[PDB]
Each structure stands twice: as C-alpha cells, then as structure tokens.
Amino acid sequence: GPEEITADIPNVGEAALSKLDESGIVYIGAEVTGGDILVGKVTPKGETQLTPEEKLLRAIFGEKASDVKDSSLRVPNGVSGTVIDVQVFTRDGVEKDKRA
Amino acid sequence: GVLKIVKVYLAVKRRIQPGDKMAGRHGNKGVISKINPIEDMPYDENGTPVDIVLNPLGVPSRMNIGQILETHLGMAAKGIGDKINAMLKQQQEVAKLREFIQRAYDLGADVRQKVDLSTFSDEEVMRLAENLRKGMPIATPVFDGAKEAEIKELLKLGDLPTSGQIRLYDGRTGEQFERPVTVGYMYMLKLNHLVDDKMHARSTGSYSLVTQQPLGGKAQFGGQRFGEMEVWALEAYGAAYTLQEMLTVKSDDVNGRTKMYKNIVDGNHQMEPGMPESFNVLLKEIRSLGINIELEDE
Amino acid sequence: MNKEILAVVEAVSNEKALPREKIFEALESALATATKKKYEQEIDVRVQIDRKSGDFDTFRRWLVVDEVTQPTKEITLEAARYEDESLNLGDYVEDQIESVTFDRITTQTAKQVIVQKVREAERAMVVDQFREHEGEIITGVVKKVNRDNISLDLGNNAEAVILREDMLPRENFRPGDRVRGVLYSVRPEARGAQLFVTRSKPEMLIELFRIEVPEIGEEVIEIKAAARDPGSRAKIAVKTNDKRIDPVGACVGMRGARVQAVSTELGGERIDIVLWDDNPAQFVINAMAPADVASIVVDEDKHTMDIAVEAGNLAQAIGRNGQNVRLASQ
Amino acid sequence: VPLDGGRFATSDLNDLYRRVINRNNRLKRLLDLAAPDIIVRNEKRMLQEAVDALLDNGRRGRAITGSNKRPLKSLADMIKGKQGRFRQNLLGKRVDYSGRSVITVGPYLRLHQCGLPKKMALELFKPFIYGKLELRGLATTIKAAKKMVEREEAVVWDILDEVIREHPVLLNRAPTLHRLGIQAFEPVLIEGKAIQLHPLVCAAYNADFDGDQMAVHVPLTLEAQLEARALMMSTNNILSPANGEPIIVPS
Amino acid sequence: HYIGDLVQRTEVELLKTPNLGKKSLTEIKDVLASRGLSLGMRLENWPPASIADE
Amino acid sequence: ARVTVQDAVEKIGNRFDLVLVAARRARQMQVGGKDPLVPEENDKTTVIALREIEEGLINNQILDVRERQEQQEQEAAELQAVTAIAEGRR
Amino acid sequence: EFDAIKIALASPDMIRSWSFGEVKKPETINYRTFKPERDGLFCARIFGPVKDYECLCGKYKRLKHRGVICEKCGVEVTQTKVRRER
Amino acid sequence: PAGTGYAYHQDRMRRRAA
Amino acid sequence: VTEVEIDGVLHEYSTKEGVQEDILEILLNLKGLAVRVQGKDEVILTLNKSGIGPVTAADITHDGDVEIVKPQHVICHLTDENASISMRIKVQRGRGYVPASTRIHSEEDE
RNA sequence: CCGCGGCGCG
Ligand SMILES: [Mg+2]
Ligand SMILES: [Zn+2]
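Protein chains in written order, with the entry's author numbering: chain B, 846 to 945; chain V, 1045 to 1342; chain U, 1 to 330; chain Y, 253 to 503; chain G, 276 to 329; chain H, 2 to 91; chain F, 16 to 101; chain W, 1358 to 1375; chain C, 56 to 165.
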C-alpha cells in the first residue's frame, strides 16, 4: 500500500502532535530539541487478520484507515536547535499540500 | 517508487566550550583547557587584560620563531590604530590625521609601494580613517619579510617599548613578574573538530542482528570498540576477571547481561559466566563447511 | 444513510450476543466520549445515536447545574428564565447535537477507549456467565499464572480467580490441577469480570456429603453435619434418612467410594465420617470420631454435656488442634 | 533487512544458495529427461563450479559480481582476513558502558584521580542510579526511575556523587602501545564535555594535547573493582614494566 | 455594558432576558468557561472588591 | 581514606591472593549482610575490605576457619531445628 | 561447559542428523505477505517460526502451548531463538 | 590461566580433571 | 535586553525587506546597546519609524526612568521608501553573565 | 540495519 504523510500519530502526546500543522509538517521557525518529532508518517500496517474491534469498530466508524503502522521521522538524539527551512518535492502526477 | 520527499534544514548557533580544538597560522595546534573570569588573567599597567595565554615552551622545540615576529608586528600594528582611535575620538582636523597616516605609509626602506593621501579626497580620507580604527592592516610578500630593524622603526612610530615586552600584573597576585613578557595580537583560526560532536557515550541500547554486540558511531548510539592491543595490555596485568567480564557479559552473553541488569538494580554485583554465542556462530560456520567440530564434555 | 451501523448490528456473531442496540448505545457513548476528548472544549455528550436506518447522530448534554460543570456545554440558573424556569442542579437535557466526525486522531482515541468499551461489553457478557446461577457447584481449571493468588484463563466467558486461602494451600490452582466449589461472589476483576473456583470453602468440601454417595443427594442420607477443614480433612456426622442403617460407610463409600474420593478436586484430603444412632449416647460418642466413650452424662438444665472419653488412643477426643471435638458438639 | 519501501537487501550467501539450488533443480530434472552426454556435462560442470564459488569466491571462476565489479562474499571470505570473524569479531569486541572524548589538563587534580564530564556520568551509571533511588524509595518502578532521571531532578546528583565517590574507572587511548596505555583512576565530576587528566600520567600515555581522543570503561563486579584498585591504580605503577626506569618524570 | 456589569449578576440573576437564542444559551457556557461569569460573581455595582486599582 | 594497597601487599606476599581474599570478604559483607570490623567513613564495602586486611586480622585461612565454624554451627542449628520439628508432633 | 575441542571431517549421514529437512525451493520470501515459502531458503517447518510461540497458521499463541506441532503448518511452538542454531 | 585466574585454575586442575 | 520581538520575521536567520542588514547584526547591535533605569525593573521598549536613513537609540520612544547613555548609537539602516520597521524590546535587570542557552529551563512559556 | 570506495584526524 502507499505510505502517507499525516498530522496524526497514535500513542504519542499532543505536545508532540502540536508543533505540526494540519498537513503534518512542523511550523517554520519552531524551536525543537532532541527526541522530538519532525513529520508524522504512517505506513500500511497490513490487515492480515480480523479482530472483533476490526469486525465492528471499523464498520461502525466506517473509517478504513484503520490500524496503521507508524514510521514518523523523529529528531536524532544529541542535536537540537531551530528549524530554518522546509523543502518538499512530490513526484509528478501526485497531489500536493498547502505548504507546497 | 517514492511519493514525496520532505527536506528539513535545521540550524545550531554553537559557541566555544572548553576542550575544543584551536589553532593559529604556524602549526601551533592546541586545545582550550579552561575558561576563567576576566579579572584572573594578567593585565597591563594601562588596565587592558590579555585574552590568550600560550605556552612559550612550544617555540624552541618546534623552531616556530616566526610566530614571535608576527606577535611583535601584531602588537606594533594595533598600536597604530589606537592612537588613530585617540585622534579621531577627540574630533581633530583631518590634516592632522593625513600627515600621521602619511608618516605610516612612507615609513621603512625604499619599498616599491608609494602613496599620497593628499591626492585622494577629504571625505574619503576620513572614511578610510574611520575604517582604519581597528589597527592599520599590514602585509608582507612571502619571501620578502620586513627586517627586524624595520619592525623597531615602525614601533618607534607607535609609543611602545623597543624590545617588545611589557611588565604585567596578575589579578590573583597583583605584583610584577620578575621577567617582562612579550605580548601582541595573534590571528587565530577555528577548526571543525568540535569537542561536542566528538563526545559520545552509551549505557545500553540496540545490538547487532547477525551477532549480538553493540554498534559503533555517534549516530544510532554506537559503543566504543575494544581492540586487541589493549586486550594484551590487560593480559599484562593480572586482570583475569575484568577481561572475562568485559568479553562475555557486556559483549556477547545475551542471557548473562539481562541477569546482571536485574542484579545491578538489585544491588548485587555477581557476574554469571556463560557461553559466547559468537563463538557458537563461528562454530556453526565451521560446521557449514562439512567438517565436524564439537565440544568434548562439560 | 450510511447503513454501516446496520451492517455492524447485523454482523452479528458478537452483535447478537449483546443487544441489537448495545452497539448503538454503549459503543456510541464511547465514540461520543472520544469525540469530546478530541474537542478542546470538553462538552459532555448524551449521545442521541441510533442505528435504526443509518442516521448516526448525537446530542450534547446540558449538565444543568448551578456551576460550570461541563463548562463547554454547561447550563446555569443565569439562563433559567430563558429556559422556561426549569434550570436547576441535576438536569442533563440536550444542550446541543453533533453530526459526524471522521477524526483519525479520535480514531486513535477510539483504539484507546472505544476498544476498551468493546472490552467492557465483553465484561458485561462475562458477568452474565461467571455467576449466572448466583452461586452453584461449578468446576474450574487454571491456565494463567498470577502472584499472591491463582489466576485461571477458563471458560464462562470470563476468567477465574482462586484465593490462597479459598483454595487448597498446598495444591493451588495451577497448570495441571482443577478445582470445584460454589462461590456466590463474582465482582469486577481485571480486564473484565471473572468467575471464582475455590475448592476449599465449606460449599466445596463439605458439600460433597450430598454428591459422593450413590443416594446422598436423593434425600436418602440424613447428613446431620458437614464440617471440613480447607482441603485438609473432615470428620462429620452423616446419617441415613428413614433407613436406620450405618451410614458412616455410606458417607465413606463402598470399598473407598467416598472416603478418598469426596475431596479429590479439593486438594486430595483424607477424611473419616462419623456414626449416629437413635439414642443420645452413641451420637455423642461418635461425633468426635475417633472417640472411645466409656461413660456419658448430660444435664437438661444447662447447655453443658459430659462426653467422657479415654486418653490412650483417643487423641482425637480432645484434638491437638480441634480436629474431631470441634465438629462433635455441633 | 527491511529497507525503505519494503525493499530487502541480504548477504551474498543467499544468492549463492539460490543459484546452487536452482542449478541442482535443473540437473535433477535433466536426470529424468535423459539428455545426451554433451548436455549433462555442461550442467554438472557449471553446478560444480557454482558450488566451488560458494565455498570460495573468485579464486578460479572469478565470481566477482555481487554489486557490479564488487566480489561476492563467500564462506572463505567469512573467516579469512582482517574483516573475517577472528580478528574482526572474536579477539576484539564492541562493548557498552563506555565513552570517548578529547583530553585536557587538570592542575588541581591529584595523581590518583581523573577528570570526568557530568553528562557521561549521568548517562553511564544509570543502572547504579536505578537501584539506589529505589533503595532510597524515591523511585518505585524502573519506569518511574527512568522517567524521573530523564527530567534531571536536582536530587539525583547527590546519589550520583554517592555511587561514584568510591568507584574506579578505566582510561584507554586508542593507539594503544604498552602496559601503561591503560590506567585506572578515581573520577571527580567536572562540568564540560572534556576530560581532565593528571599531566604526569600523560607522559606515560605518550599522549599530546593536540586533540587526542581516548575512551573510558567501567568495571561492575566487586572483584572487578578489587582488581582495578589492586593493579591498575596509577600509584601502583611508577616503574616501567620494560625496565627499572621511573615513569613519573615531570616533563 | 461592563464585563463586571454582566458579572454583577450572579449565576442566577443574569437571566433578565429570555430573548437569547439557543446558541446564545450554548454561548452562555463560554461565560462560564471564562471562569469569571455564571459562577456567582457579584460586584459592588460595576467593579468588585478585588477589582480595585488604588 | 585509601589510596594504595602496598601495606596489604607486604602483609600478604602475593598481589593475586590479595584480590581473591578481598573479593571473598567483600562478598560476605555486601551480599548476606554482616558487620564491618573497622569504623567506616561513608565508603562502599570494597574499600572497607582493604582497611580490614591491612589491620592484620583477616587473611585467607582466617576467612576459611570462620566460614567452616559458621557452617558447622548452622549445620548443628539445622539439626536441633529438625529434631524440634519432629518433637512438635511428639 | 567444556574441556576440549575436537575437529574432524563429517559423514553425510551424521550431517543430515544435524539437518532437520532438505531445502527444495529457491524462493526466499512471499511478496506482499512477507513470510517464507515451504522448503525455501527461509522456512519455518525446517528452521522455525519468526514470531515467538506463534505458528504460521497462528492457532497457538500461549505459553503453555509447548512443543506441539500444528497440522496446518509443521511448525513448533517455541521462541525464535532456536533459529540461531537449527 | 595467567593472572588472578591462575589461582582458580590451580584449584580447577587439582580438584577435578586429575 | 534579553529578548526581542521583531514583527516582520519568523526566526533570527531569516531577513525582512527594506533592511540592509541581517537580523544577527541587529541582535549584536542591540547587544552593544546600553540603557539606564531606576524605578521599574522589567521595562518594555518599542519603536516605529519609516523613511530612509540611519537608526539610533534616540529614535526609541522614551519613558520616565528609561534612558539611553549613548543616544547616537546606531541600531540598523533602512534603504527602502516604504519599509516601516517595528519591534518591541524586552529588557531585564540582572548580574553577571548568562547565556541564552540556559533559558531552556523555562520549558513552559518560551 | 547490509556492505564497497573516498576524505580527514590522531
Ligand atoms: Mg596527538
Ligand atoms: Zn500457525
């Protein structure tokens, strides 16, 4: 399946998911420290089975995201400082976000 | 096979910090040891504190005499700008500056460089003088160095002692040293071998997958790599248990380290000898070639 | 309409086990709580959610009080005259109504909380089967290990727990053992409700007096007393109803059918039943079995009897820790 | 290895096994077809030489292509040479509970002591920290202690001083020459990222102050500390093991 | 007209007008969410005793 | 405090035996707590052993004789404990 | 846990006594469901489960599920560490 | 069997393996 | 001064139209700026000015006890006709030397 | 993560 950039990561605090915009990219000029999150990225976890939660809650919500594997990019330890720039390229024929 | 790339550029305003790598222009490589408050370093009779303290003992051993001459020029050079700073601060008339600067550029022997400020301007001359406040810049061709007598003559244009050393007072003591010391203005570089990104340590993290040892490199939390030379160095001592501990528990014995980790937090410090599976791995590789190898007993 | 709610209600292997509106009420309230948490203004939601035809809706409760309780959707007496003079402390009328929310972040909150609500529905079904008889003689097998107790990943749509004293101490409920007994207390345990198998209580060991002999539970064995230590031993007076025969052997079984077999699931205890008769002396002599009574006396003016006994082979007449005399006077 | 995008890289041995099993399958099919002897000789010879390459790369057949023009790593490669198994992984290991940095002078520092950055102490001795805080009862779980130490409460420094006050540490310079190439000391905490050192020891190390790096290792067991304090103390060694000359000359 | 005038009425007396809409009653919770109104606030007339800047 | 081990070395004429006996002694202090035999100055048991051995009242056989008398005492204590347990039923 | 080391040439019968099966397929891993193929260079009935105490069919996920081999997959119920030596 | 471990191994080959 | 709130900027490494210096030069210039104060202790400064020419501390709007020892000290330089510069300056009283890195201990308002 | 080469430092 296709990997996706999003402003949503499970099992993390809203403090981590606060520097991000709605499109999942940290604000320009936001101060950052070690261990923080840069861009929320999620990858298809693979169904591989169906549980009662996946039997019902997925059907009840209708949201077929549904349980997804996190691959978000985190600050490497030791380094800190301030973000100066965000540069993005998308492959031709693919949608683009607001910061682009 | 890729959708998008996100590039992030991040910046660090990193300052000096003791232990950094520092150097000049004559192979006088060095390292900053300690930063001390201003009053501690020696200061002249005029109150100005020196900035850099260097060891003279590197000079005769390495025959780097030229940096001493460069120091004498630097003291000589900054002397010119200061008086110019004194002249312009008290808003004197420009012709007083002119001849003084005219004294500077006609000094020395019959050098090919000839200038006449009277032909330049007035306001541009004033602007040059303002730009000249931080010491009058001098240059010398590579194999055409100015003679020592010329250096002394240029010092005579300034108001500093001919020999080029000054009596200094130490803030802790407050007394003159027994021997006068040469001071000046050195040009100092800076090196990318920063101490902070050299510094790295590793308590406990991931391990290899093919074998079960920690990795290397400051990135991804690598550990120090213990080489063979120092293994024989410990072997020169009676460091039996140290060597066994370090080569078994904290390197290979997966079950052993976990037990000790339980033991350490429990206040126990008893080592558990085990079986180096890296040897077992190698064993199986030897078994891979169709040659039987085995352990005789317990 | 969405009709996915209708499909979920007609899933229906786990949907029909609970009510058809169980998903439309409990899981809907969980989703409303997840949406309220996803909202910075934490509005209390009395979810008006129905799965009749697919119109998944909601409602925000007023939480009407004289204060700022649920301040995101609160009401007060400062609008009582604007609320038809019916605003006081206690009301939870619908202040607002939500419409829809995809809310992938609240989908993570759903995996945290609505999944816990699915587990809560599982717990509700678990409590409906752990003690469905409100106390009865049932069995139990241990499959999970827990400290300071005996866990059991067993049936009855739930788990089971055995106390260190409610079960056999020397043989706890563990891998390779089973228990049997009656426990009328089934409260909410960890990760949902759980059952209780305890083969050391009186309703487990002493209850074998009507389940061990071939005619014990058919009202053919007048078991006058059922006293037993927890998985240790027993010495009680069991007689035969309208038979006038020696029922000590009947309570002990024929050739070892109820002596070493009445407490097999209790921890392997060794017991010895007592005898009785139509006279008031033989019963008193045998109630402290093994007891040898060469004399008997009783006073009808006070609650004090004189069951004389020897001391040579009558160590159970007085007991080192009350093993036969304690179950004798009663 | 699960690289980016679900692509998988692996050792060359996998490719050798793949080609060997493929050629074996082709041969065992060719047994049933009963091909003429010219055909079967080619099959058996290329199978034999592929097995040969699996045992030893490139010595005859020049199987020099894994990545283009980069020879595939064989089983003979797995043991032979510096980057094999013995010299690469058995005599020399990688260890945790260790660090490295640049050196500097300590003039106030006594001979039987070494400088030490505080940050390495906090990072390194955390297993000792976890037990002692639990001993003090300030922490309750390993999770609690780990969370508490990572916010650097002011109370942790006293306990860290306690656990380090009577513990020895090892100093080793990477270009190891001789027995004095490793020493042991009783550390003192100094702010910074450098390491202070007693200058008289520096002559024994034959180490400059031009930016030389060196490493630290820490013993754990009781007997480890006892051996360290019995033998590798600087005070223990004041004569060269090579000859009866002292090694404490002011330089 | 003052923020202490709407807060001069307590959490009960501020119901002088029922002309406010249904959303306004929901918007009345924002005054409660302001932690200064709809809680029993009672100023002197405009300002309270703690609103003095003397 | 303690800086060197030369006194202990001149006491026990082997550097290697010194570390062994000290490790054993420190093992009985740290695990299975007993008392030290010398006033301490807020130091761990490792230094404490060096104080103890340098005072000339612990050596290898002193530990040996103390351990064997302790083990025979606890064996005797186990004997009376077992006899008392048997007599409890009697 | 030893006192001596012996080295010698091997016999094919005792070699297969080490062996727990023959590899027959050159396929390494199934795509889009990353599990090994039967009798491939990677395998579970030959070498072991990737997940600890979880058969490929996944009908045994329990500590007391010990040593049993499923009928759907000929895979033991044991931690993956045995794959280091099998 | 060189340093402090020699004392252990001296016991090792003496007690057993002899 | 301890911190600045230049309006038309996001971080000290970017620039703003109409200024012939970068923000770092601004920071160092105000670093070399000195003030006088008696009564208040956390005074706040600001400035609004347009036009082409030098920028000096005398251009700062004054206060009661807020004074400038050297009012002719240059701050920056403007070159564009319509390049209205604007900021507010936060000044603190203290002692000794303290780096900006150590302010990370706040961790709740910065 | 797996390795080849390069550069630099000591
Ligand atoms: Mg060097
Ligand atoms: Zn399976």
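Beta carbons: idealized from backbone N, C-alpha and C, even for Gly.
For the putative contact between residue i and residue j, defined by C-beta atoms under 8 angstroms, what is the C-beta separation to the nearest angstrom?
i, j, result
"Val920 (chain B)", "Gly880 (chain B)", "6 angstroms"
"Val293 (chain U)", "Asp306 (chain U)", "Contact flag wrong, Cβ pair sits at about 10 angstroms."
"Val877 (chain B)", "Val928 (chain B)", "6 angstroms"
"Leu441 (chain Y)", "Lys370 (chain Y)", "5 angstroms"
"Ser916 (chain B)", "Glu899 (chain B)", "Between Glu899 (chain B) and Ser916 (chain B) the Cβ distance is about 21 angstroms, and since that is not below 8 angstroms, they are no contact."
"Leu307 (chain Y)", "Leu327 (chain Y)", "6 angstroms"
"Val272 (chain Y)", "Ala302 (chain Y)", "6 angstroms"
"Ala193 (chain U)", "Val126 (chain U)", "4 angstroms"
"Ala1120 (chain V)", "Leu483 (chain Y)", "Actually they do not touch by this definition, with Cβ atoms about 57 angstroms apart."
Give a yes or no on whether the minimum CB-CB distance between residue i and chain F is below 8 angstroms.
i, result
"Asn266 (chain Y)", "yes"
"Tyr269 (chain Y)", "yes"
Using a C-beta cutoff of 8 angstroms, does residue i count as contacting chain B?
i, result
"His66 (chain C)", "yes"
"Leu1054 (chain V)", "yes"
"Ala1245 (chain V)", "no"
"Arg20 (chain U)", "no"
Quick one: is residue i buried, meaning 16 or more other Cβ sit within 10 Å of its Cβ, or exposed?
i, result
"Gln1257 (chain V)", "buried"
"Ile20 (chain F)", "exposed"
"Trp276 (chain U)", "buried"
"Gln448 (chain Y)", "buried"
"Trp62 (chain U)", "buried"
"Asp103 (chain U)", "buried"
"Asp148 (chain U)", "exposed"
"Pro1358 (chain W)", "exposed"
"residue 201 (chain Y)", "Because chain Y in this structure spans residues 253 to 503, residue 201 (chain Y) falls outside the shown range and cannot be described."
"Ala1245 (chain V)", "buried"
"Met1107 (chain V)", "exposed"
"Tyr46 (chain F)", "exposed"
"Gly108 (chain C)", "exposed"
"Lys117 (chain U)", "buried"
How about residue i: is its C-beta nearer than 8 angstroms to some C-beta of chain H?
i, result
"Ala1364 (chain W)", "yes"
Taking 8 angstroms as the CB-CB cut-off, is residue i touching chain U?
i, result
"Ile905 (chain B)", "yes"
"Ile326 (chain G)", "no"
"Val282 (chain G)", "no"
"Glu898 (chain B)", "yes"
Are any of the Cβ atoms in chain V nearer than 8 angstroms to that of residue i?
i, result
"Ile44 (chain F)", "no"
"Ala1359 (chain W)", "yes"
"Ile929 (chain B)", "yes"
With a cut-off of 8 angstroms, does the C-beta of residue i fall near any C-beta of chain W?
i, result
"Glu1340 (chain V)", "no"
(request) Could I get the ranges of all uninterrupted beta strand (DSSP E) runs contained in the region 315-378 of chain Y, with 3 residues as the minimum, in chain order? (result) 350-357, 365-369
(request) Please list, following the chain, all residues that have a C-beta closer than 6 angstroms to any non-hydrogen atom of ligand 1. (result) Y:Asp460, Y:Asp462, Y:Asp464
(request) Give, in chain order, every unbroken run of the beta strand (DSSP E) that is at least 3 residues long and sits entirely within the region 1137-1168 of chain V. (result) none
(message) Extract the residue ranges of the alpha helix (DSSP H) inside the region 247-293 of chain U, only unbroken runs of 4 or more that lie entirely within it.
(response) Here the runs fully enclosed are 248-252, 282-286.
(request) Tell me the start and end of each unbroken alpha helix (DSSP H) in the region 1220-1295 of chain V that is at least 4 residues and wholly inside, in chain order. (result) 1239-1242, 1272-1280, 1284-1292
(request) Please specify which runs of the beta strand (DSSP E), each continuous and at least 3 residues long, are wholly inside the region 105-147 of chain C, giving them in chain order. (result) 108-111, 129-133, 140-145
(request) Tell me the start and end of each unbroken beta strand (DSSP E) in the region 417-470 of chain Y that is at least 3 residues and wholly inside, in chain order. (result) 421-425, 434-442, 447-449, 465-469
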